[PDB]
Amino acid sequence: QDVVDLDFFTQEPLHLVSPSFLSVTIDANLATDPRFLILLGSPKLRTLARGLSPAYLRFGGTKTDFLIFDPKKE
Amino acid sequence: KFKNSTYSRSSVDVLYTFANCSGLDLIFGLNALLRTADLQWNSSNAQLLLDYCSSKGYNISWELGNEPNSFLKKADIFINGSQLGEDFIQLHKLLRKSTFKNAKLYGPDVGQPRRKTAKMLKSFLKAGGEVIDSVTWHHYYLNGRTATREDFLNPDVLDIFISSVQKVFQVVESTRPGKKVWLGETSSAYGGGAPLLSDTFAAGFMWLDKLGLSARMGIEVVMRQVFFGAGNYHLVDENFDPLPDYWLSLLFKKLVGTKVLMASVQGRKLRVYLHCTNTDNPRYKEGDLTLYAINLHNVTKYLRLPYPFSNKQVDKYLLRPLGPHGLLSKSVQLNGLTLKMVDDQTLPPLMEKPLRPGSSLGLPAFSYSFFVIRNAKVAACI
Amino acid sequence: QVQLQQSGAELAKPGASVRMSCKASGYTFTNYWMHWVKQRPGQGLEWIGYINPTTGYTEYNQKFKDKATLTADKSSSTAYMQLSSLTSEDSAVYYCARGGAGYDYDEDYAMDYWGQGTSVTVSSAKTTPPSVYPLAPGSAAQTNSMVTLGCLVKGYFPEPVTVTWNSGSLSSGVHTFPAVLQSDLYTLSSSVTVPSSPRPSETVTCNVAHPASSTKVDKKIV
Amino acid sequence: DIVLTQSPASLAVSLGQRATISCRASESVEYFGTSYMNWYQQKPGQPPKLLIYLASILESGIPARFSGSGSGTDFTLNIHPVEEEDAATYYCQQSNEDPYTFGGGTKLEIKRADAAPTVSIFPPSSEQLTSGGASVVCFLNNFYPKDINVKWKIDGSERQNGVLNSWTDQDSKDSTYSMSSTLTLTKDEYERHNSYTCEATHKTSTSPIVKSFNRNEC
Ligand SMILES: *[C@@H]1O[C@H](CO[C@@H]2O[C@@H](C)[C@@H](O)[C@@H](O)[C@@H]2O)[C@@H](O)[C@H](O)[C@H]1NC(C)=O
Ligand SMILES: *[C@@H]1O[C@H](CO)[C@@H](O)[C@H](O)[C@H]1NC(C)=O
Ligand SMILES: *[C@@H]1O[C@H](CO)[C@@H](O)[C@H](O)[C@H]1NC(C)=O
Ligand SMILES: *[C@@H]1O[C@H](CO)[C@@H](O)[C@H](O)[C@H]1NC(C)=O
């Protein structure tokens, strides 16, 4: 049939998730793009990002372990 | 494959400002393959970064290493869980001696729980579990290179997530019971996504199901790989245009609250989740419910709510692809209205369709919807 | 029945590459993990990698990772393995196994059914048809109480050769000997014990087959 | 990469007696409370087949006499009784993690009663001769133990250069060993001589078994 009855359980919360439950990532490899500054500076992108607040932004990926901080580089 | 690359203070400022300016909390993964002679972690490059961030008053949380179960494959170096735990302890000491002594630390960002991965995780948590604030692991359903359309729609594929989650908790409850568990990196298909699938309406079944299951099973935070990037599993494409999963995520945020409840069909291909409604939505009030549902049947299904909610006013939020490309569309409609940003600075409103009180809830073939039950006056939600 | 049938033996040249097949039958192809195992010629045995045909989950042996490319094919219940930059180290028998009920890594614990193996041979040395010679006394003697006759196969490349005695008849008296290499060519021989009574009034013809050169040869023992 | 080390590498065991093969590992082969060991059987020219999984579970078609025990790192296959078919290389393989490792391989001889070689000598084929090459074949069949020595003689003189030998694996039916000695000459080495002897020194005979033919034979 196409007829569907539902049963709900609404008596107590079963879990309590973070307000930031849904969060996102940026792949660490994007930092090797010459335009990294231009891309993340985009007002358009920031509007979309703001939409997902509150959230964590995780910067990570395979490249995490092949990235070296150089305080002399610009 | 990958060689070492340098990054600058400038890069760090770009990333931080993007996060700060977007109202996001940054988690930064440090490089765990910098090693001393004794195969301990060379904390020095991290120390330099920390001092820089401290000096700028940057509020940042930290991880150390990515998919350490893969270090052998990726870099011909093997770090056992024990040692990785010790390395985290060393990072914890450095954090507590810094300007931000109350910064959070998460790890170890292991892959999905195969036996090898589950032994690395267990040994890590025994060694270093006292200093992490949450346990992070990664999940993907498929291989991007090989994934099919039917895979993205198959409940037997969706269902394997369950045992992955159960297995992670089995390890954590044997080592650090009650430690919070987070998906630290997750999507449909690994290796940069599956083309024309991970970027489409069809990707949404996996994404919404994951969110539902995660919350229902005790996961606290889920981190979508990626927001923006080269992989096809991005929420936002190369032209900064949002994809169906972005819109699904936005709707989820608007409607779904933090208190997780349970819904179930009486009969696998019809999937159903229930939370308190987000009360921060001005349209809705304390006690309202948000149901969300996925129909993987090839025909429309009609849902009937149980007593005492049978005759409540319900707001429908039904997502369907804009044609002609069906489930492989990169465009989506909410209640028949195509979703598109108004301009570069402006998201559209997300418009409900109020249903008749006492009507059954229609869910077309291969679709998903949220339903807000108004005036539910559920005690658990207040 | 449950059954994996691999490709025919391949005599590919050095530095080149080759695609091995392994069709499965008797079960739902997509619900089982297919491993690949390598056997150096009588030197032991080693695992190469497994692959799930629904999901796409490949894990390789560190040793074989840059040499081997396991691919499934949902459409035709078939599996494949590609081998690149072939050296004499790669001259061996490759088996294709099975055994993982499910889609997840932890659901594979053991390999149930196996293939027949595919002999891969890497030398650019040329391919030569055998010469089959019948072995008896000048004319066989009914005096011989159990008449034991032979078949010598000399000067062939590459492996293998199929030896039988009376079109598949004469089972259980057959001693078919391991081919020993002669610098550039192979050579083997077989023999079969029979009663006094058959030789005189009944022919004995050993059936040789060399697929590589496409030769079938019947040789009467006189 | 748990190291799999297989304690006996070959063992001769007597038909009816119990055969006991060890397998050891680096690390440990036990997740939760299940020990992921696997035993196979490569028959001579045939693919291995699964005998026992998860250390103590007999696969299908497998006789009740094969028995796996052990756990942690110490595992033991046990056949009781030993039958003729059982002759093979037995492999212990760990499933405990990726990648899977495989033990060296323990081969089983059957200690049959001694048997004497059924030697035989065959002259070059009519056709082979015309081609310009001559080969004398000598088959020594159904002997045990495996050890044996063939001394080729040409008119009483021992030929040591030009011979090619080949032993079969242990027969699964009678548990014997067979061998094939072949001597190859050019024309003008073959026509030069009359008698060709194939001598075989085995443990069974006090003194060598001698089989011969003269080129003057029709
Ligand atoms: C639709 O799917 C069929 C399988 O039927 C499924 O099970 C029954 C109980 C119903 O609930 C149905 O909706 C399910 O999809 C396939 O065999 C069939 O070929 C499909 N038909 C179409 C229209 O594609
Ligand atoms: C870590 O790196 C620093 C700076 O590159 C180096 O001087 C130091 O010797 C390294 N640590 C050890 C103890 O090897
Ligand atoms: C882990 O690795 C360290 C060196 O990196 C070694 O000294 C130690 O014994 C290992 N511990 C275990 C038991 O895995
Ligand atoms: C900034 O850091 C402090 C402690 O280190 C914390 O109390 C505060 O809430 C942080 N800010 C955010 C946005 O989490």
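Residue numbering: from 1, along the chain as shown.
Per the header: X-ray crystallography, 3.5 Å.
In case you wondered, yes, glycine gets a Cβ from its N, Cα and C as well.
Lifted from Swiss-Prot, the feature list:
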type: ACT_SITE; residues: B:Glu67; note: active site, proton donor
type: ACT_SITE; residues: B:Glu185; note: active site, nucleophile
type: DISULFID; residues: B:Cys276-B:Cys381; note: disulfide bond
type: CARBOHYD; residues: B:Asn4; note: N-linked glycosylation site
type: CARBOHYD; residues: B:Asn20; note: N-linked glycosylation site
type: CARBOHYD; residues: B:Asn42; note: N-linked glycosylation site
type: CARBOHYD; residues: B:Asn59; note: N-linked glycosylation site
type: CARBOHYD; residues: B:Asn80; note: N-linked glycosylation site
type: CARBOHYD; residues: B:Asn298; note: N-linked glycosylation site
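Recorded features from Swiss-Prot, shown on the structure.
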residue: B:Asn4; record: N-linked glycosylation site; DSSP class: coil
residue: B:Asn20; record: N-linked glycosylation site; DSSP class: helix
residue: B:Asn42; record: N-linked glycosylation site; DSSP class: coil
residue: B:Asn59; record: N-linked glycosylation site; DSSP class: coil
residue: B:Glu67; record: active site, proton donor; DSSP class: coil
residue: B:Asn80; record: N-linked glycosylation site; DSSP class: coil
residue: B:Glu185; record: active site, nucleophile; DSSP class: strand
residue: B:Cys276; record: disulfide bond; DSSP class: strand
residue: B:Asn298; record: N-linked glycosylation site; DSSP class: coil
residue: B:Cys381; record: disulfide bond; DSSP class: helix
* Inter-residue Cα distance where the pair is B:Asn80 (N-linked glycosylation site) and B:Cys276 (disulfide bond), in Å -> 42
* For ligand 1, pick out the recorded positions B:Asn4, B:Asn42, B:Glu67, B:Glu185, B:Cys276, B:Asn298 that have a CB under 6 angstroms away from one of its atoms. => B:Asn298
* To do: Measure the gap for me: Cα of B:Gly267 to Cα of B:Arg268, whole Å, across the 3 residues nobody built.
  => 8
* Asked: Near ligand 4, which of the recorded positions B:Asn59, B:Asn80, B:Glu185, B:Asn298, B:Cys381 are found, taking a Cβ distance under 6 A to any of its atoms?
  -> B:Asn59
* Cα-nearest neighbour of B:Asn20 (N-linked glycosylation site) within the listed glycosylation sites, B:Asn4, B:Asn42, B:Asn59, B:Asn298 -> B:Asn59
* Asked: Cβ distance under 8 Å to B:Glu185 (active site, nucleophile), same chain, sequence separation 6 or more: which residues?
  -> B:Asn66, B:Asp109, B:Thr136, B:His138, B:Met223, B:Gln225
* Structure fact -> Cβ neighbour count (10 Å, all chains) around B:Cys381 (disulfide bond) is 21
* If you measure Cβ to Cβ, which of the recorded positions B:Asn4, B:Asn20, B:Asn59, B:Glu185, B:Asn298 are under 8 Å from chain A? -> B:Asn4, B:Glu185
* Taking the recorded positions B:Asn4, B:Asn20, B:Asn80, B:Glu185, which residues show a Cβ-atom distance to ligand 3 below 6 Å? -> B:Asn80
* So of all those recorded positions, B:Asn59, B:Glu67, B:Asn298, which one's Cα sits nearest to B:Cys381 (disulfide bond)? -> B:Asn59
* To do: Tell me which recorded positions (B:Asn42, B:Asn80, B:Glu185, B:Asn298) have a Cβ under 6 A from ligand 2; sequence order is fine.
  => B:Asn42
* To do: Enter the number of other CB atoms within 10 angstroms of the CB of B:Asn59 (N-linked glycosylation site).
  => 13
* Asked: Hey, what's the Cβ neighbour count for B:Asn298 (N-linked glycosylation site) at 10 Å?
  -> 9
* Structure fact -> Cα nearest B:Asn298 (N-linked glycosylation site) among recorded positions (B:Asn4, B:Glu67, B:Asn80) -> B:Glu67
